[PDB]
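Visitor: only geometry, no sequence info:
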């Protein structure tokens, strides 16, 4: 479970001075990553099923293998077969969400978290150890657990990046529309004072009928995509040309006001 | 827990057989790690027990003294049931590991031409045999054929290898892959300049794979047994045949031919008996045959889908000719990669081909149209050959001659069904059907008719235009099985099948009976009918039977100048002994070829189990070269016995060498036959055959107490009651031993390390020949060194004697046979000893297998595990058979009575695994 | 169960001097009739389901309804299963009509009149056992009378062909077999030969028989009759029948073509 190495991507997340890389581009590369991961895991699991022909298992695994009922004297294959089924569903759900935007394939029939993916694999590992077969567990199955803890369900986590003046543009559109004045004209100290009174307050800010330029709509739309996608799809939100604390605090306010 | 097992191995074989001999090192590496795993899992005491068993049995080979075996048997019988299975299976797993090391050593042994002495004897071992290009060079320069003659001989060659089920072991695909990982870890560990850390990790992997094989284990369906028979095709042969055909290209270049073997040349084909052989096997129903045919087509479709998808990845080119560009436009991912668009369509149709078969298999019906799938080999190849031509037309022939040429050679080798299914049934079952027809129609009893009357009636029906089989016909279960089988053949595509083989064929009416049944059951593309001549008399009259068939206008019209005949070694050897069977088989072959030549018929021989051809490794090379002149001519079928299939095809390089062996030997024989026997040799073989048959029958047929001895000295009865052959052991519930079938006959006698069916008769014949004329002894050894037939025959006996041990046989005797018959057993063992030493003096060897130290070493290193299972078996039988034999139940060490059946199965499996092919 | 009135059809079966009526046309109208019957039955059953909301049933029906939408409405449970099997029966016919083959199993559908009747007669008995025979004698009785009147194909198909077309087929057989010309034989000789074949136990029709377009149509029609359910058909009518051999010839051809 030690994540000694992890992998991230900017491709579809970095939009600094790149007007293609829309909100939907970001939604797309996220679902594409999850399909690729499901494919890689399905192959690893199938090779592992071939290998794990054993019949001796602990009680916990024997019980769950019975509940999943090809041959029942091959318990590790029964469990991993179920894992493969849920991985197939995870992939197809992602493919449907990518094409139509919608999937009749339930999230229950698929893997939504790394924790529920890990549960049957660690069950296999502990069962093999409990039967004195830790040496077998420390082969291919240990490789697979290390892949899960390295790559997750999306291979890479996506970094988002956007220039600081684009966030200032959005907030100046908000403050002028509300009649509070021009956030752009304010000094850095005044900006921090206002941002902190908003983040400390409990009343929302972003009006749904805010008049939006193409650029402003792209910033707000991007945040809206972040709110709709699973948190483990993302890493950090990077602010290009950051100059001052208000740059960081402004993104924290937009992120909240757009529902992340 | 401490010492290594290699000290005991060095006592067996002092000295290396080659410089790169590391077989004992490998055996120690695997077994030492296994024993450490054993101890980690089950404690030290049983590990030391198991190793002591191995040490006792290893000592025995060096000092043939039975009492130490009895010591061991006392210890073994006292083990609690759980410990008995554990020790037996442990010894089995160690034998497996030793066989894997033997495989690694063969595969990676450097060829050393200094071992060659010239002449045909070089072809009897892989250490000295000629590869395909050495054979090509010899044919050009020594024999004097032109490169173009050799090139066209190859273009017309076809070697057909026939898979048959393994009597005792399954060969799951997942186990073949554990084997490979153990072999790979072994070779990689012993690589040149390997890192400390690489070696550490490879060691851990090896220990891991050995444990995984140790921790994994009702008879199988005939469907399942077929799925397991196809494992070797998935693991080596599929990729192997393109690799070998590419070597044939390289060889042709190196004798001056500047073109590859055309990809439509079926140089090697593969057939199967699994699901088609129903001779005395009622579980092989019509439905089983329909199933294995559809199963094969699914396996082929998925292998092709994989090849095609790999090929799509590679063929990203955009340059194509006009025919391909127009077709790619018509199929309308990116359109600027036309080869991917064609192959994507081919993959689509292959997916439908697979799903259609799956539906027919489950429901019996498919709404997937045959139009949307591939129905013939021809429509599969049309788009592939279009891709090949297009690449060539654009100057990319070099690319075409890569993966795409591999695929085309796979299509022409494997077709849409991987293997062609042979059908086999006993002749009397066809007679039963025809008698049912003739009596129901009221024209008499076909069974009561003489052979000449049968032929007269059959021919009038075959020549007439009126149907014969009424759908009303009253049917037994067996008659309904025969008719139902023909009805399945009529319903399936003709390319699913090869021949229809008639077991126990004796006369032309047997062949023409099947021709009539085929037609009257509606088989519109009839199968070639192949008689299997089993008994000595049937072999003697086979040239007459084949001449009568060839003299019938209707039959010549049917066969179109092609006839296949099957010959059986274990079958004929059971009738009259191996020596007499060997010689009649030679004569029958040369006279049948003479008949065929006169009538313009191309005669192909199919070599059944137990033969010299079909031995593992080099011996098959010489065996094929030794067959009578002008009996092959580029066409031969050979069964791949289950006992040797692992050594022949389990490993990449072994697969390659096997394909090369059959291809080279078959090619050379057609242009370079062995010497014709000189009259002195023929007369001597004639006289020795009389004596050998007489003494074989003296023990087998005419001695009243033989069957009683056989049922006690062997585990036959248990082998039958446990259905280890997945087949009835006998045809009638009584009869002599003449009713017993060959597989049980050979199996039971090799379990006891005695091997009577292989050698009995030879001793009497050798001594008779030497004693009746002083000159005969020198002419016998002259035969051994100048007559390949005699050499090959005798080398088979030598190999079997290396696998035999009279002490072990006598151990079965002393505990299992009644006092009254023990002198009979020692009489037989006296015949054994006299045959062996007479065998050694001819050939001029002081020791067994002195001419092949490599084979001697490989065989000897198996016996510690085998002999251990031998004593475990003998004592297990005595417990199974005698309630009064008392055992001291020893405390634990972490059907029939408890555990005894499992133990006995394990000994049977292990002894068979160690003994592989005998007779 | 009294079939006081039955209905037959000549359409797609009569081919007397009518080459448009091919074996395929006969196979088609037989499956079309089965689709029409399934549709009419599905509507009747659904109307019946609406009416039979009772909860009182006998034990045979209660058990069958617990096996196999609300369980308090057992007659609707049974009739809902019938409708499922009727829809399968129709789809199977539609597939055979278009493709010639159907992966819809005959088990999941109704293959005989009696297996269609079994659940309906169970409902009728159950209603009677609960003193509801009056309700049984309404719509459920009408449906049962429809089943015994129309079957699973609405109508039974008559086949008709002219006797000389059958003579043509038999003369082709006797000449090809080299036993003479059935056409030139007198009536008495035809009867003598036909009877020896009908009484004999050896088949007659060679699969290699050279066939004209007309002879192939006759043999092909018989092959269609052999492949379809027996309850799709009524009689085989011989136009221009003049003598017993006309009838006996069709009996021979029916058998040798596998009916």
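Guide: Nice, thanks for sending it over. Residues are numbered from 1 along each chain as shown, chains lettered A, B, ... in the order given.
Visitor: residue A:225 - how many residues pack around it?
Guide: Around residue A:225 there are 19 other residues, counting by other CB atoms under 10 Å in any protein chain shown. Where you see a C-beta, it was placed from the backbone N, CA and C, and this is true even at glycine.
Visitor: do residue A:23 as well
Guide: Neighbour tally, residue A:23, other CB under 10 Å: 19.
Visitor: could I get the contacting residues of it?
Guide: Residue A:23 makes contact with A:218, A:221, A:222, A:224, A:225, according to CB atoms under 8 Å, 6 or more residues apart in numbering or on different chains.
Visitor: SS state for the last one?
Guide: Same thing as residue A:225. Secondary structure, DSSP: H, G, I helix; E, B strand; the rest coil: residue A:225 is helix.
Visitor: quick one: which of the contacts of residue A:23 is most hemmed in?
Guide: residue A:222 (25 neighbours).
Visitor: touching, that residue and residue A:26? I think so.
Guide: Yes - using CB atoms under 8 Å, residue A:222 is in contact with residue A:26, at 6.5 Å.
Visitor: residues that sit against both of those two, list them.
Guide: residue A:160.
Visitor: where do the helices of the stretch 151-260 of chain A begin and end?
Guide: A:164-178, A:188-200, A:214-228, A:245-257 (DSSP state H, counting those that start in this stretch).
Visitor: those: which one's closest to chain B?
Guide: Nearest to chain B among the helices of the stretch 151-260 of chain A is helix A:214-228 (26.7 Å), distances taken as CB to the nearest CB.
Visitor: what's in contact with the closest one?
Guide: So helix A:214-228 is in contact with A:15, A:19, A:22-24, A:26-27, A:160, A:162, A:166-167, A:169-170, A:173, A:206, A:210, A:212, A:234, A:237, A:254-255, A:258-260, going by CB under 8 Å, 6+ apart.
Visitor: how far does stretch A:42-61 stretch from one end to the other?
Guide: 21 Å (CA to CA, to the nearest Å).
Visitor: buried stuff in it?
Guide: Of the residues in stretch A:42-61, A:42, A:44-45, A:48-54, A:56-57, A:61 count as buried by neighbour count, 16 or more other CB atoms under 10 Å in any protein chain shown.
Visitor: can you narrow those to ones near chain B?
Guide: Restricting those to those touching chain B (CB under 8 Å from any CB of the partner chain) yields A:50, A:51, A:53, A:54, A:56.
Visitor: tell me the SS of the last one?
Guide: Right, residue A:56. coil.
Visitor: check the third one too.
Guide: Here residue A:53 is recorded as coil under three-state DSSP.
Visitor: didn't it look like it was pressed against residue A:80?
Guide: No - with contact defined as CB under 8 Å, residue A:53 does not reach residue A:80; the gap is 11.5 Å.
Visitor: residues contacting whatever residue of chain A ends up closest to chain B?
Guide: The nearest approach of chain A to chain B comes at residue A:53, 4.1 Å away (CB to the nearest CB). Residue A:53 is in contact with A:74, A:76, A:77, B:172, B:174, B:212, B:216, counting by CB under 8 Å, 6+ apart.
Visitor: near chain B, anything from the host helix or strand of residue A:87?
Guide: Residue A:87 belongs to helix A:75-99 when assigned by DSSP states H and E. No - judged by CB under 8 Å from any CB, helix A:75-99 makes no contact with chain B; its nearest approach is 9.8 Å.
Visitor: which non-adjacent residue is nearest the spatially most central residue of chain A?
Guide: By CA atoms, centre = their mean, chain A has its centre lying nearest to residue A:233, at 1.9 Å. Once flanking residues are discounted, residue A:233 sits nearest to residue A:30: 4.7 Å by CB to CB, 6 or more residues apart in numbering or on different chains.
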